[PDB]
Amino acid sequence: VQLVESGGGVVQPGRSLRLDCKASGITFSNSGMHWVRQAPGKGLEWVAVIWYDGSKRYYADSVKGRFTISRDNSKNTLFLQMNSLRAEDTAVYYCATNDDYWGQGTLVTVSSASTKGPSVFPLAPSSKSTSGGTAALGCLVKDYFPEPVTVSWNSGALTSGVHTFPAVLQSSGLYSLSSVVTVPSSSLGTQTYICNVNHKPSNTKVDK
Amino acid sequence: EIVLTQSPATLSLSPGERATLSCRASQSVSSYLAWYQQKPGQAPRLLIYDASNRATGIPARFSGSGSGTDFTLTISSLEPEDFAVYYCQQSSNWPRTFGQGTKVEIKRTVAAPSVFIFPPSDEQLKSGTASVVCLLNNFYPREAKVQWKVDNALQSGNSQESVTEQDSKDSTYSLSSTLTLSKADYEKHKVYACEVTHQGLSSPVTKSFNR
């Protein structure tokens, strides 16, 4: 059972956007479907529902006359067609079956401001000769807009000991964060460590 | 619409403790009330439906009770992995409505930070700015004091902090402090130090580097 969403991205206010949710492993034609959204740092809010056969739809007041929920049962796909977007509409949008299988979410960011890709800088200790058996490495991801950036290490082969900090908003109006990882000092010189930085809004991918 | 009020807003308990979360509806929703768990960076997950039925694959320590306007979600013995925000949702009528959530935080024992300091790199300094980073790793509680010293001169207004969410396995936090200065000011000085005080330390810990 899988619900896979797509369609999210950065969009300027006033514009339209269509979100898709494709289902696998369920009798989709027999399931009611919902959209639910969640602003950053906030709670869950129901957006709309559509009956299994498409014959009935209901909406949250704040999207009536503006959003349309629909489905293509022959493609096992649920749609949300949005119009006249505002900052208010910035959220992760989830699809959910009526019996509560949920998709992974897709982020919609509504912003007039120009997007900017990050500068990426290594964080390494000042030598190689640590004072202990554990070392920390990292990358500074600096001056980007808008959120988010995602970071992996060694293409996701390195996960244990990884901490990626919540972004901080600068006086610049831009964002900065860092990602760090702790590793054995003995591996310094043996093992290559690469951070994989991804900032989809500016089509930027960097690997220091 | 049917208003759902959850309490308390935040609940902070040790692993093994019993946790009791409340949801109150402004009018009867009969038993059309579900509970969800949402861990950091994840979609919500159904725990309990129809007030008291455990969903598929949900551990036995989760249970629910109530009908009409008063509802309870119980975690009979809390685990570190239960760090999450918990929501109730009514499906008695339209629009569907959610409570505002209860954040369940894990009260573990005191753990001192491992501290690391990073000089500004190569490239960054080509642009006219210097960022020196102090890392405090895997500690508890969240409160920590970080002081920057350049030549034993305490710094102010030139640093920003960021703190992770509680770790799902060990319930600790990590924190970064970034001192940001102009490249040309990062050479009027030699000694850069981060000094840390925390409940887990018996004495302040200082990490430093020269030039």
# chains A, B, ... in the order shown; residues from 1 in each chain; ligands from 1

$ interface_residues --of "chain A" --to "chain B" --cutoff "7 Å" --atoms "only C-alpha atoms" --output "list in words"
residues 43, 44, 45, 46, 60, 100, 102, 104, 105, 121, 122, 123, 124, 125, 126, 136, 165, 166 and 168 of chain A

$ residues_around --residues "residue 65 in chain B" --least-positions-apart "6" --cutoff "10 Å" --atoms "only C-alpha atoms" --output "PyMOL selection string"
chain B and resi 22+31+33+48+50-53+71-74

$ write_last_selection --atoms "N, CA and C atoms" --output "compact mmCIF listing (two decimals), in the first residue's frame"
# COMPACT_ATOMS: atom_id res chain seq x y z
N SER B 22 -5.46 14.23 26.49
CA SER B 22 -6.90 14.53 26.48
C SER B 22 -7.33 15.24 25.20
N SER B 31 -18.60 8.42 18.78
CA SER B 31 -17.28 7.78 18.84
C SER B 31 -16.43 8.02 17.59
N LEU B 33 -13.89 9.57 16.45
CA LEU B 33 -12.73 10.31 16.93
C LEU B 33 -11.49 9.44 16.77
N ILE B 48 -5.35 5.18 16.65
CA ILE B 48 -6.62 4.76 17.26
C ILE B 48 -7.76 5.30 16.42
N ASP B 50 -12.27 5.28 15.77
CA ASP B 50 -13.54 5.06 16.48
C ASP B 50 -13.35 5.12 18.00
N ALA B 51 -12.53 6.07 18.44
CA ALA B 51 -12.23 6.36 19.86
C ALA B 51 -11.35 5.32 20.58
N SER B 52 -11.52 4.04 20.27
CA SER B 52 -10.88 3.02 21.11
C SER B 52 -10.36 1.78 20.36
N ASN B 53 -10.43 1.80 19.03
CA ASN B 53 -9.90 0.67 18.25
C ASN B 53 -8.47 0.92 17.78
N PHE B 71 -12.31 12.58 25.40
CA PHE B 71 -11.53 11.46 24.87
C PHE B 71 -10.13 11.44 25.45
N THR B 72 -9.57 10.25 25.56
CA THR B 72 -8.24 10.08 26.11
C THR B 72 -7.43 9.11 25.27
N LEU B 73 -6.18 9.48 24.98
CA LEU B 73 -5.19 8.56 24.42
C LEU B 73 -4.19 8.24 25.52
N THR B 74 -3.97 6.95 25.77
CA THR B 74 -3.04 6.51 26.80
C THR B 74 -1.86 5.78 26.16

$ residues_around --residues "residue 202 in chain A" --least-positions-apart "6" --cutoff "8 Å" --atoms "only C-alpha atoms" --output "JSON, numbers by chain"
{"A": [115, 116, 117]}

$ closest_residue --among "A:203, A:119, A:196, A:98" --to "residue 36 in chain A" --atoms "only C-alpha atoms"
A:98

$ residues_around --residues "residue 201 in chain A" --least-positions-apart "4" --cutoff "12 Å" --atoms "only C-alpha atoms" --output "PyMOL selection string"
chain A and resi 8-12+107-111+113-118+144-150+205

$ select_by_dssp --residues "range 31-204 of chain B" --states "helix (DSSP H, G or I)" --output "list in words"
residues 80, 81, 82, 123, 124, 125, 126, 185, 186 and 187 of chain B

$ closest_residue --among "A:70, A:170, A:97, A:160" --to "residue 58 in chain A" --atoms "only C-alpha atoms"
A:70

$ closest_residue --among "B:29, B:4, B:194, B:181" --to "residue 148 in chain B" --atoms "only C-alpha atoms"
B:194

$ atom_distance --atom1 "CA of residue 186 in chain B" --atom2 "CA of residue 153 in chain B"
13.7 Å

$ closest_residue --among "A:61, A:138, A:128, A:13" --to "residue 187 in chain A" --atoms "only C-alpha atoms"
A:128

$ select_by_dssp --residues "range 3-200 of chain A" --states "strand (DSSP E)" --output "VMD selection string"
chain A and resid 3 to 6 9 to 11 17 to 24 33 to 38 45 to 50 57 to 59 68 to 72 77 to 82 91 to 97 106 to 110 119 to 123 134 to 144 150 to 153 162 to 164 168 to 169 175 to 184 195 to 199

$ residues_around --residues "residue 211 in chain B" --least-positions-apart "6" --cutoff "10 Å" --atoms "only C-alpha atoms" --output "number ranges by chain"
B: 119, 186-192

$ closest_residue --among "B:107, B:24, B:61, B:145" --to "residue 6 in chain B" --atoms "only C-alpha atoms"
B:24
